[PDB]
Amino acid sequence: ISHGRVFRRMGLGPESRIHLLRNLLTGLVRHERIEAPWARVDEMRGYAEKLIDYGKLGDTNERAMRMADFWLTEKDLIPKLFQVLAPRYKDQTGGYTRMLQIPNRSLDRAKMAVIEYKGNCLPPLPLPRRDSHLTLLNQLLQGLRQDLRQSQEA
Amino acid sequence: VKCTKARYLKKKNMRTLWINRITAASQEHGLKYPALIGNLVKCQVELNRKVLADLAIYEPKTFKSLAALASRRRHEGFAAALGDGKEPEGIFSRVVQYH
Amino acid sequence: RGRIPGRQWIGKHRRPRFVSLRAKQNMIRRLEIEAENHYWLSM
Amino acid sequence: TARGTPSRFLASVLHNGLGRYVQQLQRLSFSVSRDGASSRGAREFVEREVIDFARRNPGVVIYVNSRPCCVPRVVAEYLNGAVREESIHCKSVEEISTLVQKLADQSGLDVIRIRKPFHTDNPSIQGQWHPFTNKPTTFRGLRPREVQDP
Amino acid sequence: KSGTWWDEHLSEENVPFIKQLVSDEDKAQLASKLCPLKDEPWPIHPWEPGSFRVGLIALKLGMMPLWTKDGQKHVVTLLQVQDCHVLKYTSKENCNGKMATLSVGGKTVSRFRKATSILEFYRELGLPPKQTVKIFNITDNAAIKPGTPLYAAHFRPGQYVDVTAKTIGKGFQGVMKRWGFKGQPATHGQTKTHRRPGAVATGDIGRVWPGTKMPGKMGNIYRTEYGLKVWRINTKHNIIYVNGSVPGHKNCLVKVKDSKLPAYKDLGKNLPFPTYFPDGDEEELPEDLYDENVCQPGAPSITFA
Amino acid sequence: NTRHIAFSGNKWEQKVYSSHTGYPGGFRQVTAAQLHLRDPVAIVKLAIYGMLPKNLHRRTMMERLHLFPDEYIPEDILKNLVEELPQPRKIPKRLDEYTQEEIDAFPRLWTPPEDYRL
Amino acid sequence: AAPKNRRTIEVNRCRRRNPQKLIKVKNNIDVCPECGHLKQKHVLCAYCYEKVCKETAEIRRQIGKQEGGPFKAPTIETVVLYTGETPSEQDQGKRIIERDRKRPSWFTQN
RNA sequence: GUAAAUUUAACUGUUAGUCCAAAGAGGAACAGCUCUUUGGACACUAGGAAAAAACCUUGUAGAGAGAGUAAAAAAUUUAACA
RNA sequence: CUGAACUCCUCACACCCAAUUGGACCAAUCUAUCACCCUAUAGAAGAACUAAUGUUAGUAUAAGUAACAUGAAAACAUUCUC
RNA sequence: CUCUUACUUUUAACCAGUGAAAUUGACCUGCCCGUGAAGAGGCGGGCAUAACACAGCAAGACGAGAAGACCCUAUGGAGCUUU
RNA sequence: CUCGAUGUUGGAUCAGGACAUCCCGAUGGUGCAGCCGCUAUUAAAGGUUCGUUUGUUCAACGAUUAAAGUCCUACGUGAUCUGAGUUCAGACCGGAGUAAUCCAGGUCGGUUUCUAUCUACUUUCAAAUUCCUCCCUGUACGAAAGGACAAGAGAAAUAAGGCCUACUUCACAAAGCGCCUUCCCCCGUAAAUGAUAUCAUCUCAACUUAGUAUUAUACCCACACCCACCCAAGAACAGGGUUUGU
Ligand SMILES: [K+]
Ligand SMILES: [K+]
Ligand SMILES: [K+]
Ligand SMILES: [K+]
Ligand SMILES: [K+]
Ligand SMILES: [K+]
Ligand SMILES: [K+]
Ligand SMILES: [Mg+2]
Ligand SMILES: [Mg+2]
Ligand SMILES: [Mg+2]
Ligand SMILES: [Mg+2]
Ligand SMILES: [Mg+2]
Ligand SMILES: [Mg+2]
Ligand SMILES: [Mg+2]
Ligand SMILES: [Mg+2]
Ligand SMILES: [Mg+2]
Ligand SMILES: [Mg+2]
Ligand SMILES: [Mg+2]
Ligand SMILES: [Mg+2]
Ligand SMILES: [Mg+2]
Ligand SMILES: [Mg+2]
Ligand SMILES: [Mg+2]
Ligand SMILES: [Mg+2]
Ligand SMILES: [Mg+2]
Ligand SMILES: [Mg+2]
Ligand SMILES: [Mg+2]
Ligand SMILES: [Mg+2]
Ligand SMILES: [Mg+2]
Ligand SMILES: [Mg+2]
Ligand SMILES: [Mg+2]
Ligand SMILES: [Mg+2]
Ligand SMILES: [Mg+2]
Ligand SMILES: [Mg+2]
Ligand SMILES: [Mg+2]
Ligand SMILES: [Mg+2]
Ligand SMILES: [Mg+2]
Ligand SMILES: [Mg+2]
Ligand SMILES: [Mg+2]
Ligand SMILES: [Mg+2]
Ligand SMILES: [Mg+2]
Ligand SMILES: [Mg+2]
Ligand SMILES: [Mg+2]
Ligand SMILES: [Mg+2]
Ligand SMILES: [Mg+2]
Ligand SMILES: [Mg+2]
Ligand SMILES: [Mg+2]
Ligand SMILES: [Zn+2]
C-alpha cells in the first residue's frame, strides 16, 4: 500500500535520491535545458521550481544561501541563481520550468523528458501548438460565442 | 482393434435402433412393442425388425394394417384363453400347416 | 458410505446377492427338463 | 478404418440395367515382357486365353503390348472414366484369368466403403412419416385449451 | 478511427469559452430544480406502518468528536449531501422484484467524460451527470418524481441509518493482514517462513476446498455499517453527523438509508415522508438540528450537580 | 399445474433432495415438501432431468421443457400448442362427487342395529 | 517442482497467440506538420527535436569557447546572434554568442 | 459309446500360484491368513453379477444394416385391553 | 419381450491361450545366371528395433521462464555524487 | 514472545536486450461416492462444464532429484579381530 | 500396493469432518424441597485458557474458565517451517566379549534440497456467541442453614466487518495498544378433542395447540470521452477523476 506517498523510490535510498536529484538540478541551472528519464525529471521539477523561490529571497538571506550551497554542487552557479535566474522570474509567481516528453531512449527504451527553465537563450523546443482559431470547428464555435454575447447585451 | 470389435456393436446397435423405432410406431396405435412382435409371429408373418422399422417410416398405412392385425390376433388369444374350449379357433389364429 | 470390506464377492464379509424372480424361473425351467430326462431314461 | 477412409452411396453408371445392361469395362492394356520370368504367366495367358476372352467381350478393346518390363501390368479403363492398374507379376495363367474376369464385371466405381447395401429413389409409396401422420384432426382445428368465438 | 477528447481540436480562445458555457448550463439546470412542489409533484401520501422511503447519496467529509450531556465522547463521521437528485422511478411490476425502486444520483461530474447513452439520459432529465447512481427499494406510497432534489434534512437527529460504501483498497495482501493469520516465529530456526499460510488442507482430500482463505486482493469492496445514530444535522451545508465510522476513504460517496434492524422498524412515523421539501416547509429549519443528548458548542460547561 | 403434483405414500416427508454448495459445510438436504414450497417446479424438473440421457444433449432437451406451477400459460406458448397428452393417473373421485345414481347403484351391505348411537 | 508432462504445441500456441500476448495497434500516431515525419500525439517529433538539439549543441560549444574553462558561468544573460545581425537595444549587457551561420527560420530572434 | 493309446527316436520350457465349492489341519470354528486333499475357474474369448483375473452363462476363430436363445432386476414393516 | 463372439441363417474358413515347440512365407543386401522403369531361380550373410535410467547427432518441453548488466549531466571537452 | 506495525534496500512485477537447468509414454489433464494390484483427473453411478491469458498458493499429481544407505536374499565383496 | 525411495516422533501454521456432547439450548426420570448433582432423549450453529519441569504424546503441579470434550483426516499438514528426540560416521560410563565389536541402557555432538507444468484453491458480500453486575430477592423453596427460575436493565470478553477524531507506532498516509457496528429459527417432548375398542387414549387414526422460516431483508445494478495526466484504484490489466489537457 502506498496511499498518499508523494515521493518516488529511486537510487540507492533516501540520501542517494536527493543526490541524484541534486545533480540533475545542478545540470539544469548550468545548461538551462537537459534531458533525462521522465520519472526523474518529474521528481526533480518540484525542486527546480522551489530553488527559484529561494533565489528570489536574495543573496543576503542566509537561509537561502545555505539552501543554494547544498543544492548547487558547482559554486559558480550560485551567483547565477541569485543574479540571473531569479531576476528573470521577478514578475512571475510560478511556472518557471516546462517539461515535455521526448521519444524513448534508444538503448534501454526508457521514457524520456526534456526540462528547461523558461526564458533561456537556447533554440526553442518544438512546442505542441493548439489548432488554429480558423479551423472549421473553431469558426462554428466563434459564431456561437458571437451570438450569445449579442443576446446578453440586448 | 476397435474397428474389428465394432462389427459386433454395429449389429447390436442397429437392432436396438429398430426396436426403438418399432416401439415408437406401435405406441402411435396403442400397442406395446412385445404385443406387436409376438402376435405377428402367431399370424405366420415373419417380417424382421429391420423391415418393420422401414415400414413404419416409409409405409405408414401398411404398418397400421400390421398393427391392426397384431391387435386382432391379440384379442383372439384373450377370447380363446377365457373360453373352456367350446369356441372354435379364431379366424386369424388358424395356422397354415406345411409338410 | 456403504463400503464392502476388501473385494466384493470373496472373503468373510461379502456383498449380499439376492435371487430375482426370473432367476428362480430360469432354475425351475431347467429342473423340468431334467425331470423329463429321468423319465425317458427309465425304460 | 471407415473414419480414416472415404465412403460413397451405392449407385450405378447411367442407371445401368434399367433399360439395358451395358458392360462398363471399355479397354484393357497388357504389358508382357518377351523374356522376363515374372511375365511367364502373362505370356501363357496371351497365347490361349486372351483370344477367347476377346471373343466373349466384343465391347472391350484389348491392347497387348510386348516390351521389356520387370513388372507386367494390366490397365483397365471404364466408361465412367475410372482407370485401374493391376499388377500380374509372377501370377499364374489361372490367376490372371480370374483377375481379368473380375475387372470385366466391375462398374468402375471406387472400391471404397459403401454406406448402405441398397439404394432407392422412391423409398415411400404411401407417404413418408411426419408427426401428423397418425394424429386425429379436431373440429375447427382448435388447439388445446383454446377459447373459440370469444 | 483515432480517438479524440473534448478539447483536442479547440483553439486557445475557445477552450475558456467552452468551459464557461458548459459550467453555466450545469448551474442553471441545478437551480431550475429547487422548487419541486411548484412543478407538478406526485401525490404526497401519509406515512403508514410498513412503508419504506428513499435514502440519500452523500460524500464522506471526515470525522469529528462530540460529547454528550453525560460526559461521554462519541466520534462521528460527517456526510455531506452534494447535488443529490432523484433520477428514475421503476414500478413494482416492471422492477422484477418484490418492491418498487427509486434511482438516486449524487455529485455532479463532467459531461465530457461520460458515455453518450448516459449523456442523453441526463439530457432528457435536465440535470448534469452524476458520479454514482444507487437504487433504493421503496413502497408505492413513497414514490418521488424524477428530478426532485434531496437534502440532508431528509434525516433527523435520533434516527438510525445504514451506510454502504466501497472499503479502502489495500491491493494484494498476505494472509496475515488479509485474514489475521498468526504467521510463524521470528527465530528459533524458521527457514524463509514467517508470514506464510502454512498448511492449506488435509492430505486425504487431495485438493483445496472452495472458499479457503488465501493471499489475494484486500478491500475495495462494498460493505455496510448498520445501526448508526444520527447525532446532528447541519441544514445550511447539508451535512449529516453519523455515529462512529463508515466504510471508505474521505471524499468517497456513500449510500445512506434508514436502518433495517428489527429494533428500528416503524420509527419513521415522525420522519419526513416521502422526503423533506424545504420549499414546502412552512417554517425554515434552524441551521443545526441536535439530538437531545448532544452538548451544543455554545452550551454551558457540564456540571454534575 | 406442477404445484398440484401428488406423491404416493409418505414421499412428501421421506424423499430427500441433496445438494452441495461446494464450500465446507455446504451439504444441504431438504425434504420434497420443503423443496416444493420453495420452488413449485423443482420436483418435476428434477424428475425429468434425472430420466434424460446423461450426455451433452440433456441440457438442450431441458431448454424444450416449459414448467408452470398453475394454469397460467404465456400466450405465445399457448398459441403454439398442438396436442394435450392424457394424464397418466386417473384421479379418484371424492365421496361428495358421486352422483345419487352411483350411490343408489351400490348396494347397502349390512343392517345396523336400530338402537345403536352412530 | 518439475513439469510432470511435456506441454503440447497446441497448448503452447494457445498461450503464445492469446490476444493479451499480441502487440496492440497504436491509434495516436500522426504526421508532424513542420517536417512531415511521423510523431505521437503526446510526444515531441523526433525529427524536429533532433534539429533543435543539433543547433543547441553548436551554441553550447561556442559558449564553452567563450567561457574557456570550468567554473566560469556568467553573471549576465546571454543572446545568440547569427551572421548579419548586431545586438539590439535589449541585448545590451548580455554575453553575445556568435554563430557562423544564417539564423534558422524556426529560430525566432527576440 | 468312442479314438485314442503304448512303444521307438529327438528336445526344450515349466519345477517363486491365485480365488471359489467341498473334506480336514493350524490360528481366534479371525484374516483377501497359513497347510494338504477332490474339483472348477483364472493366468485365452465373449455375455452377465454396477465398476470387476478366481462367481454365473459360453467356448474354435471371417463377412452380414437377419434370426432363436443362455446367464441375467430384492424382498420385507412390528406390541391396546378386562 | 429384451438379451452373447452360444446356435441357426447367405457366403467363406489354416485365420483369437504365457514359457516353450512344429510349420508355411518373406523385406533389403551381396554373389552366380537371368532380367533391363526394378525382376526371376538359386547361393551367401555385419540379413529387419514403439522400449536396455541404451550410444551418437538433431530438435522440442520446462521457457522467452530462472538468471545476467550500464552512478549523473554535458559541448564528449569536462564537471558532479559516492 | 503477548501481537505485531511502519519505513529503507534487495528481490519482486511491467518495458527493453541477452538467455540456462532438472523434468517430460501420450494427454482433448474436473468434483463426489463406489470400485479396483486393497488411497482414481482416466473404471461404475451421479454432479459439474463456452474459449484463452497474468499474478498468487502448495492439498494432490503415491510431485522432481538419487536402480533405499533401514531390512532380507546372493554358495556376491571388502575392512577388522581371533584359542 | 510401494524398497530404479509412499521422508520416520512431538511441536508451529492452517485447519476439514464424525457425535459416542466438555460448555451453551430444549426435554423425560430421580433416593429431583431449594441450591448443587445423577441418569437418559434431542441438538455439531458457536465455543472449548495461560503457565513450571519433561524432546515428549501423556502425566503431575500452579492459576483460571460457562467449558478446559472424545475421535478421524497417510498416528491431517516437512515441494510451508522446526530438528529437542529418534536413526549413520566422533566420544564417555555401566554391562557382554579373548578381541574386533556389541547393548529394547544412559550421556555430549552431529548438512532438513527443489525456479510450480497439471489438478484444486485465492472476498461461501451482509441475521453472534458467551460470562458477569444490578434487579427480581433475601422472594419461590425450606425446620433451619442455605437459596433460585422467567421477565427487565446495564456492562463486558471473544468473533466477524470496518475506520483514523483523539491516544499510541507514527505523520500528505499506513497501523493497534485506539475507536465504531453486529439482526431469525431449529422438535426431545408437553397437552386438548376423539375412533378402532360407544369409558379411556397427545393420533405411524382422521385432527387441535405449544411450533417454526417459500430464512427475511440488505448489498450489487446507467457505460467506444479515454491519446495523455492524476488518483484514497492498482503486480500487469482493470477501475475512479480530468468542467484540474502550461
Ligand atoms: K470381502
Ligand atoms: K450372470
Ligand atoms: K508502526
Ligand atoms: K502441491
Ligand atoms: K519401501
Ligand atoms: K493433472
Ligand atoms: K387407543
Ligand atoms: Mg532501483
Ligand atoms: Mg442379438
Ligand atoms: Mg474393495
Ligand atoms: Mg489502494
Ligand atoms: Mg509474529
Ligand atoms: Mg537452509
Ligand atoms: Mg528469516
Ligand atoms: Mg514338480
Ligand atoms: Mg461358434
Ligand atoms: Mg471356422
Ligand atoms: Mg520381393
Ligand atoms: Mg543385425
Ligand atoms: Mg528406428
Ligand atoms: Mg532408446
Ligand atoms: Mg514458470
Ligand atoms: Mg528475475
Ligand atoms: Mg546488480
Ligand atoms: Mg515470480
Ligand atoms: Mg524480459
Ligand atoms: Mg521418469
Ligand atoms: Mg476411491
Ligand atoms: Mg496418473
Ligand atoms: Mg517421488
Ligand atoms: Mg535398489
Ligand atoms: Mg562368496
Ligand atoms: Mg519411481
Ligand atoms: Mg475445524
Ligand atoms: Mg446425540
Ligand atoms: Mg502424520
Ligand atoms: Mg524444505
Ligand atoms: Mg507435504
Ligand atoms: Mg540433535
Ligand atoms: Mg568401556
Ligand atoms: Mg542428543
Ligand atoms: Mg556445537
Ligand atoms: Mg513456492
Ligand atoms: Mg434473573
Ligand atoms: Mg381426554
Ligand atoms: Mg370416547
Ligand atoms: Zn517534425
# chains A, B, ... in the order shown; residues from 1 in each chain; ligands from 1

call {"tool": "residues_around", "arguments": {"residues": "residue 137 in chain E", "least_positions_apart": "2", "cutoff": "9 Å", "atoms": "only C-alpha atoms (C1' of nucleotides)", "output": "mmCIF file with N, CA, C and O atoms, in the first residue's frame"}}
result
data_model
loop_
_atom_site.group_PDB
_atom_site.id
_atom_site.type_symbol
_atom_site.label_atom_id
_atom_site.label_comp_id
_atom_site.auth_asym_id
_atom_site.auth_seq_id
_atom_site.Cartn_x
_atom_site.Cartn_y
_atom_site.Cartn_z
ATOM 1 N N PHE E 52 -41.436 2.114 3.242
ATOM 2 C CA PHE E 52 -40.003 2.313 3.067
ATOM 3 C C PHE E 52 -39.787 3.502 2.144
ATOM 4 O O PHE E 52 -40.245 3.491 0.996
ATOM 5 N N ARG E 53 -39.098 4.523 2.643
ATOM 6 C CA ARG E 53 -38.830 5.735 1.885
ATOM 7 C C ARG E 53 -37.425 5.696 1.288
ATOM 8 O O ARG E 53 -36.609 4.824 1.593
ATOM 9 N N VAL E 54 -37.153 6.667 0.413
ATOM 10 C CA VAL E 54 -35.869 6.719 -0.275
ATOM 11 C C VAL E 54 -34.763 7.138 0.690
ATOM 12 O O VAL E 54 -34.999 7.766 1.729
ATOM 13 N N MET E 99 -40.538 -5.185 -4.760
ATOM 14 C CA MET E 99 -40.829 -3.801 -4.416
ATOM 15 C C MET E 99 -40.463 -2.882 -5.571
ATOM 16 O O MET E 99 -39.667 -3.231 -6.447
ATOM 17 N N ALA E 100 -41.062 -1.695 -5.564
ATOM 18 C CA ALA E 100 -40.656 -0.645 -6.484
ATOM 19 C C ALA E 100 -39.310 -0.069 -6.056
ATOM 20 O O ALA E 100 -38.870 -0.225 -4.913
ATOM 21 N N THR E 101 -38.650 0.608 -6.991
ATOM 22 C CA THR E 101 -37.335 1.179 -6.748
ATOM 23 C C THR E 101 -37.283 2.610 -7.256
ATOM 24 O O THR E 101 -37.954 2.971 -8.226
ATOM 25 N N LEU E 102 -36.476 3.423 -6.581
ATOM 26 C CA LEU E 102 -36.240 4.805 -6.964
ATOM 27 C C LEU E 102 -34.737 5.024 -7.081
ATOM 28 O O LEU E 102 -33.995 4.765 -6.129
ATOM 29 N N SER E 103 -34.292 5.494 -8.245
ATOM 30 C CA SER E 103 -32.871 5.687 -8.520
ATOM 31 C C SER E 103 -32.450 7.098 -8.122
ATOM 32 O O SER E 103 -33.052 8.080 -8.568
ATOM 33 N N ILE E 135 -29.781 2.472 -6.186
ATOM 34 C CA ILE E 135 -31.171 2.048 -6.308
ATOM 35 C C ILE E 135 -31.718 1.801 -4.910
ATOM 36 O O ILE E 135 -31.139 1.030 -4.136
ATOM 37 N N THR E 139 -41.712 1.609 -1.119
ATOM 38 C CA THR E 139 -43.116 1.265 -1.278
ATOM 39 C C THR E 139 -43.794 2.270 -2.201
ATOM 40 O O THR E 139 -43.324 3.396 -2.378
#

call {"tool": "residues_near_ligand", "arguments": {"ligand": "ligand 38", "cutoff": "12 Å", "atoms": "only C-alpha atoms (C1' of nucleotides) and all ligand atoms", "output": "PyMOL selection string"}}
result
(chain E and resi 198-204+206) or (chain J and resi 58-60+62-63) or (chain K and resi 6-7+74+76-81)

call {"tool": "select_by_dssp", "arguments": {"residues": "chain C", "states": "alpha helix (DSSP H)", "output": "ChimeraX atom specification"}}
result
/C:21-40

call {"tool": "residues_around", "arguments": {"residues": "range 43-52 of chain K", "least_positions_apart": "3", "cutoff": "12 Å", "atoms": "only C-alpha atoms (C1' of nucleotides)", "output": "ChimeraX atom specification"}}
result
/F:25 /J:2 /K:17-19,21-27,60-69,128-130,158-159,185-188

call {"tool": "residues_near_ligand", "arguments": {"ligand": "ligand 31", "cutoff": "8 Å", "atoms": "only C-alpha atoms (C1' of nucleotides) and all ligand atoms", "output": "VMD selection string"}}
result
(chain J and resid 67 to 68) or (chain K and resid 3 to 4)

call {"tool": "residues_near_ligand", "arguments": {"ligand": "ligand 34", "cutoff": "10 Å", "atoms": "only C-alpha atoms (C1' of nucleotides) and all ligand atoms", "output": "list in words"}}
result
residues 24 of chain F; 14, 15, 16 and 17 of chain K

call {"tool": "residues_around", "arguments": {"residues": "range 69-80 of chain G", "least_positions_apart": "5", "cutoff": "8 Å", "atoms": "only C-alpha atoms (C1' of nucleotides)", "output": "PyMOL selection string"}}
result
(chain A and resi 30+74-77+79-80+83-84+121-122) or (chain G and resi 59+64+91+93-99) or (chain I and resi 78-79)

call {"tool": "residues_near_ligand", "arguments": {"ligand": "ligand 11", "cutoff": "6 Å", "atoms": "only C-alpha atoms (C1' of nucleotides) and all ligand atoms", "output": "number ranges by chain"}}
result
E: 169-171; K: 233

call {"tool": "residues_near_ligand", "arguments": {"ligand": "ligand 45", "cutoff": "9 Å", "atoms": "only C-alpha atoms (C1' of nucleotides) and all ligand atoms", "output": "NGL selection string"}}
result
:K and (192-194 or 200-201)

call {"tool": "closest_residue", "arguments": {"among": "K:93, K:216, K:12, K:1", "to": "chain E", "atoms": "only C-alpha atoms (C1' of nucleotides)"}}
result
K:12

call {"tool": "residues_near_ligand", "arguments": {"ligand": "ligand 47", "cutoff": "8 Å", "atoms": "only C-alpha atoms (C1' of nucleotides) and all ligand atoms", "output": "PyMOL selection string"}}
result
(chain A and resi 126) or (chain G and resi 32-39+44-49)

call {"tool": "write_last_selection", "arguments": {"atoms": "N, CA, C and O atoms", "output": "PDB file, in the first residue's frame"}}
result
ATOM      1  N   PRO A 126      10.222  22.364 -30.069  1.00  0.00           N
ATOM      2  CA  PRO A 126       9.030  22.320 -30.927  1.00  0.00           C
ATOM      3  C   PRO A 126       7.765  22.120 -30.108  1.00  0.00           C
ATOM      4  O   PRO A 126       7.214  21.015 -30.048  1.00  0.00           O
TER       5      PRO A 126
ATOM      6  N   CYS G  32       3.746  15.001 -38.455  1.00  0.00           N
ATOM      7  CA  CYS G  32       4.215  16.280 -37.934  1.00  0.00           C
ATOM      8  C   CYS G  32       4.009  17.369 -38.983  1.00  0.00           C
ATOM      9  O   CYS G  32       4.471  17.220 -40.118  1.00  0.00           O
ATOM     10  N   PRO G  33       3.330  18.470 -38.648  1.00  0.00           N
ATOM     11  CA  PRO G  33       3.082  19.498 -39.674  1.00  0.00           C
ATOM     12  C   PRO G  33       4.345  20.182 -40.163  1.00  0.00           C
ATOM     13  O   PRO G  33       4.444  20.518 -41.350  1.00  0.00           O
ATOM     14  N   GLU G  34       5.320  20.400 -39.280  1.00  0.00           N
ATOM     15  CA  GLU G  34       6.508  21.158 -39.658  1.00  0.00           C
ATOM     16  C   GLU G  34       7.369  20.386 -40.652  1.00  0.00           C
ATOM     17  O   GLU G  34       7.786  20.932 -41.681  1.00  0.00           O
ATOM     18  N   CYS G  35       7.646  19.113 -40.364  1.00  0.00           N
ATOM     19  CA  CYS G  35       8.581  18.327 -41.157  1.00  0.00           C
ATOM     20  C   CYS G  35       7.927  17.224 -41.973  1.00  0.00           C
ATOM     21  O   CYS G  35       8.520  16.780 -42.961  1.00  0.00           O
ATOM     22  N   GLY G  36       6.736  16.768 -41.590  1.00  0.00           N
ATOM     23  CA  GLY G  36       6.065  15.696 -42.288  1.00  0.00           C
ATOM     24  C   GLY G  36       6.386  14.307 -41.780  1.00  0.00           C
ATOM     25  O   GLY G  36       5.767  13.339 -42.239  1.00  0.00           O
ATOM     26  N   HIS G  37       7.332  14.176 -40.856  1.00  0.00           N
ATOM     27  CA  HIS G  37       7.663  12.883 -40.281  1.00  0.00           C
ATOM     28  C   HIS G  37       6.658  12.507 -39.199  1.00  0.00           C
ATOM     29  O   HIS G  37       6.034  13.367 -38.571  1.00  0.00           O
ATOM     30  N   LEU G  38       6.501  11.204 -38.994  1.00  0.00           N
ATOM     31  CA  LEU G  38       5.501  10.712 -38.060  1.00  0.00           C
ATOM     32  C   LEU G  38       5.885  11.052 -36.625  1.00  0.00           C
ATOM     33  O   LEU G  38       7.064  11.122 -36.270  1.00  0.00           O
ATOM     34  N   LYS G  39       4.866  11.267 -35.799  1.00  0.00           N
ATOM     35  CA  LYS G  39       5.060  11.569 -34.390  1.00  0.00           C
ATOM     36  C   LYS G  39       3.862  11.055 -33.611  1.00  0.00           C
ATOM     37  O   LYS G  39       2.785  10.828 -34.168  1.00  0.00           O
ATOM     38  N   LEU G  44       7.030  14.778 -28.452  1.00  0.00           N
ATOM     39  CA  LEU G  44       7.629  15.701 -29.406  1.00  0.00           C
ATOM     40  C   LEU G  44       8.143  14.951 -30.627  1.00  0.00           C
ATOM     41  O   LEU G  44       8.627  13.820 -30.526  1.00  0.00           O
ATOM     42  N   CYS G  45       8.035  15.591 -31.788  1.00  0.00           N
ATOM     43  CA  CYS G  45       8.532  14.996 -33.021  1.00  0.00           C
ATOM     44  C   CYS G  45      10.029  14.736 -32.916  1.00  0.00           C
ATOM     45  O   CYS G  45      10.800  15.621 -32.536  1.00  0.00           O
ATOM     46  N   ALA G  46      10.438  13.512 -33.254  1.00  0.00           N
ATOM     47  CA  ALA G  46      11.848  13.149 -33.152  1.00  0.00           C
ATOM     48  C   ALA G  46      12.693  13.966 -34.120  1.00  0.00           C
ATOM     49  O   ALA G  46      13.770  14.457 -33.764  1.00  0.00           O
ATOM     50  N   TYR G  47      12.222  14.115 -35.359  1.00  0.00           N
ATOM     51  CA  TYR G  47      12.991  14.845 -36.360  1.00  0.00           C
ATOM     52  C   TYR G  47      13.187  16.298 -35.944  1.00  0.00           C
ATOM     53  O   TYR G  47      14.303  16.827 -36.000  1.00  0.00           O
ATOM     54  N   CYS G  48      12.109  16.962 -35.521  1.00  0.00           N
ATOM     55  CA  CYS G  48      12.219  18.357 -35.108  1.00  0.00           C
ATOM     56  C   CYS G  48      13.063  18.494 -33.847  1.00  0.00           C
ATOM     57  O   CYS G  48      13.876  19.419 -33.736  1.00  0.00           O
ATOM     58  N   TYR G  49      12.884  17.588 -32.885  1.00  0.00           N
ATOM     59  CA  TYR G  49      13.664  17.658 -31.654  1.00  0.00           C
ATOM     60  C   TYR G  49      15.150  17.478 -31.934  1.00  0.00           C
ATOM     61  O   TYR G  49      15.989  18.154 -31.328  1.00  0.00           O
TER      62      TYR G  49
END

call {"tool": "closest_atom_pairs", "arguments": {"of": "chain B", "to": "chain H", "cutoff": "9 Å", "atoms": "only C-alpha atoms (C1' of nucleotides)", "output": "CSV"}}
result
residue,atom,partner,partner_atom,distance
B:10,CA,H:65,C1',8.2
B:11,CA,H:65,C1',7.2
B:14,CA,H:65,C1',6.6
B:15,CA,H:65,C1',8.8
B:48,CA,H:66,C1',7.4
B:50,CA,H:65,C1',7.9

call {"tool": "residues_near_ligand", "arguments": {"ligand": "ligand 18", "cutoff": "9 Å", "atoms": "only C-alpha atoms (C1' of nucleotides) and all ligand atoms", "output": "list in words"}}
result
residues 26, 27 and 39 of chain I

call {"tool": "residues_near_ligand", "arguments": {"ligand": "ligand 13", "cutoff": "10 Å", "atoms": "only C-alpha atoms (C1' of nucleotides) and all ligand atoms", "output": "PDB file with N, CA, C and O atoms (P, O5', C5', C4', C3', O3' and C1' of nucleotides), in the first residue's frame"}}
result
ATOM      1  N   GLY E 189      14.998 -20.977  14.223  1.00  0.00           N
ATOM      2  CA  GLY E 189      15.304 -21.852  13.113  1.00  0.00           C
ATOM      3  C   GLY E 189      14.508 -21.613  11.848  1.00  0.00           C
ATOM      4  O   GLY E 189      14.888 -22.141  10.795  1.00  0.00           O
ATOM      5  N   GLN E 190      13.417 -20.851  11.911  1.00  0.00           N
ATOM      6  CA  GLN E 190      12.491 -20.778  10.785  1.00  0.00           C
ATOM      7  C   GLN E 190      13.227 -20.431   9.497  1.00  0.00           C
ATOM      8  O   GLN E 190      13.993 -19.465   9.444  1.00  0.00           O
ATOM      9  N   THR E 191      12.989 -21.231   8.460  1.00  0.00           N
ATOM     10  CA  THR E 191      13.645 -21.069   7.167  1.00  0.00           C
ATOM     11  C   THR E 191      12.652 -20.449   6.189  1.00  0.00           C
ATOM     12  O   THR E 191      11.719 -21.119   5.733  1.00  0.00           O
ATOM     13  N   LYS E 192      12.859 -19.172   5.871  1.00  0.00           N
ATOM     14  CA  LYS E 192      12.074 -18.471   4.857  1.00  0.00           C
ATOM     15  C   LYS E 192      10.578 -18.716   5.039  1.00  0.00           C
ATOM     16  O   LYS E 192       9.835 -18.913   4.076  1.00  0.00           O
TER      17      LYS E 192
ATOM     18  P     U K 111      23.431 -31.529  11.623  1.00  0.00           P
ATOM     19  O5'   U K 111      23.760 -31.180  10.103  1.00  0.00           O
ATOM     20  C5'   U K 111      24.178 -29.871   9.731  1.00  0.00           C
ATOM     21  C4'   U K 111      23.846 -29.540   8.294  1.00  0.00           C
ATOM     22  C3'   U K 111      22.580 -30.189   7.719  1.00  0.00           C
ATOM     23  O3'   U K 111      21.913 -29.260   6.867  1.00  0.00           O
ATOM     24  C1'   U K 111      24.409 -30.667   6.330  1.00  0.00           C
ATOM     25  P     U K 112      20.652 -28.419   7.391  1.00  0.00           P
ATOM     26  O5'   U K 112      19.397 -29.274   6.909  1.00  0.00           O
ATOM     27  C5'   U K 112      19.373 -29.862   5.613  1.00  0.00           C
ATOM     28  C4'   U K 112      17.978 -30.247   5.186  1.00  0.00           C
ATOM     29  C3'   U K 112      16.929 -29.142   5.295  1.00  0.00           C
ATOM     30  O3'   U K 112      15.978 -29.286   4.240  1.00  0.00           O
ATOM     31  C1'   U K 112      16.275 -30.973   6.623  1.00  0.00           C
ATOM     32  P     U K 113      15.511 -28.019   3.372  1.00  0.00           P
ATOM     33  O5'   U K 113      16.167 -28.270   1.945  1.00  0.00           O
ATOM     34  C5'   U K 113      17.474 -27.805   1.642  1.00  0.00           C
ATOM     35  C4'   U K 113      17.771 -27.942   0.172  1.00  0.00           C
ATOM     36  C3'   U K 113      16.669 -27.474  -0.768  1.00  0.00           C
ATOM     37  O3'   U K 113      16.694 -26.075  -0.992  1.00  0.00           O
ATOM     38  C1'   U K 113      17.425 -29.613  -1.438  1.00  0.00           C
TER      39        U K 113
END

call {"tool": "residues_near_ligand", "arguments": {"ligand": "ligand 22", "cutoff": "9 Å", "atoms": "only C-alpha atoms (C1' of nucleotides) and all ligand atoms", "output": "PDB file with C-alpha atoms (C1' of nucleotides), in the first residue's frame"}}
result
ATOM      1  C1'   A I  62      10.136 -26.625 -18.873  1.00  0.00           C
ATOM      2  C1'   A I  63      10.530 -21.045 -21.330  1.00  0.00           C
ATOM      3  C1'   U I  65      10.800 -18.733 -17.803  1.00  0.00           C
ATOM      4  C1'   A I  66      15.359 -18.681 -13.897  1.00  0.00           C
TER       5        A I  66
ATOM      6  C1'   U K 115      12.812 -21.659 -10.114  1.00  0.00           C
ATOM      7  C1'   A K 116       5.246 -24.997  -9.672  1.00  0.00           C
ATOM      8  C1'   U K 117       3.983 -27.986 -15.883  1.00  0.00           C
TER       9        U K 117
END
